[PDB]
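Below is one structure, written out as structure tokens; the observations come after it.
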Amino acid sequence: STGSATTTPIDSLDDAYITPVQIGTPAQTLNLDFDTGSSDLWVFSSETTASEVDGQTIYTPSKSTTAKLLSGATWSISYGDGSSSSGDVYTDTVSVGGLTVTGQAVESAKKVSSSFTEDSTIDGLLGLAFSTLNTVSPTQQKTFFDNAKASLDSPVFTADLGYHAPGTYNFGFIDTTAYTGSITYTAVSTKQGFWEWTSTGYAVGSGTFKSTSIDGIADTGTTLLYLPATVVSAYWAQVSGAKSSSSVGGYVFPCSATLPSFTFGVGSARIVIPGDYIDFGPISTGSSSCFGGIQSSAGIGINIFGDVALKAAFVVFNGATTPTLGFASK
């Protein structure tokens, strides 16, 4: 089997991407944030504290003839951005782009943090990291991909995120028309539960490539590119007037600037992030100070190849017995 679904930016900045997901019988379609940095499929629901729902579409398990309470199971998750959610668990039928999993754990939120409430466009998350990170207790549950894997034509999914435009998540096949050149594959460590890999270096604009190993995670659920402070300083030094602002929470730059590109290495291959992908717009409405899309990972504890990086590539998440990651230009 295979599946193919379009993923759509939630706003004009590509702050996140939503993908429609069918849950239950009859189907209830929710728009979920596919997150290769976590491993829980959780949704706003009829159980979510009413004051914490503000415009989201909810899953109502009592209206699904295939929903079953997973007795005694609870979940609770905290994300790197400080947000969180928790609740109980159903199993139900879940379909993405024509690919169906029966008995998928659907984590129903009883509580969500303010950031989730305040974002009316995201109805929940669909985790695509390794199932070892799943938070369900006392019996850990499998991700949608893990459940689908054996049925897929090939044990892979691909992320093809757009810049200020829709893109595609495919399951079970590689669309050879979706990228240019070849796909370069690189080793993955699953030791921390992430799609963790090592970039071979970087360049800023038309500058020379610096060969240096940068361990980080391919994370579709993180907006920005978070890299070591040395790398980030080298980038922003090429933008007149750019500075790190403790008050704002990162590097800012004059909105009148033209940003240089940023290249990262995948083995001997190179992925170029155009400068415009690095612009996250005014820090507040009407400001002429703009927020940068490349930020320091110092104090995160890990480097994160988030959407800024991934949307410059066609990315293969290869879930073979020994997982790997592939990157192609597009």
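For neighbour counting, all protein chains shown are included, and Cβ atoms are generated from backbone atoms with ideal geometry for every residue, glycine included. Just so it is clear, none of the values below were taken in a lab; they were calculated from the coordinates.
Things to note:
- Here's the list of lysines a cross-link from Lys210 could span, going by alpha-carbon distance under 26 Å and ignoring same-chain residues fewer than 8 apart: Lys243, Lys311, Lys330.
- Helical mean residue ellipticity (222 nm; -39500 (n - 2.57) per DSSP H run of 4+; nearest 500) of the chain: -1500 deg cm²/dmol
- Stretch gain in nm, segment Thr230-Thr132, where the contour uses 0.36 nm per residue and the Cα spacing is subtracted: 32.1 nm
- Prolate/oblate/rounded call for segment 5-174, Cα gyration tensor, a/c under 1.5 rounded: rounded
- Residues of segment 43-59 falling in the label zone of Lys110, defined by backbone nitrogen less than 20 Å from a point 7 Å along Cα to beta-carbon, are 43-54, 58-59.
- Spin-label pair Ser120-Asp54: with each label point 7 Å from Cα along the Cα-Cβ axis, the two points sit 1.0 nm from one another.
- Estimated inter-spin distance, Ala320 and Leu13, nm [label 7 Å along Cα→Cβ]: 4.0 nm
- Selection from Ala298, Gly319, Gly201 lying farthest towards where the dipole of segment 198-330 points positive, charges on Cβ: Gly201
- The loop-placed chymotrypsin sites (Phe, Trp or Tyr not before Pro) in segment 193-294, going by DSSP, that have at most 15 neighbouring Cβ atoms within 10 Å of their Cβ come out as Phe209.
- Relative contact order of segment 1-115: 28 percent, from C-alpha pairs under 8 Å at least 6 residues apart in sequence.
- Tail beyond 22 Å, pair distance distribution of segment 175-330 (Cα, percent): 40 percent
- For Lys68 and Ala298, the difference between the fully extended length at 0.36 nm per residue and the C-alpha to C-alpha distance is 78.5 nm.
- Positive-end ranking of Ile183, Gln104, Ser246 along the dipole of the chain, with charges on Cβ about the Cα centre, is headed by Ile183.
- Rg to Rh, two decimals, where the chain supplies the alpha carbon set and Rh follows Kirkwood: 0.97
- Relative contact order, whole percent, for the chain stands at 19, derived from Cα pairs under 8 Å and 6 or more residues apart.
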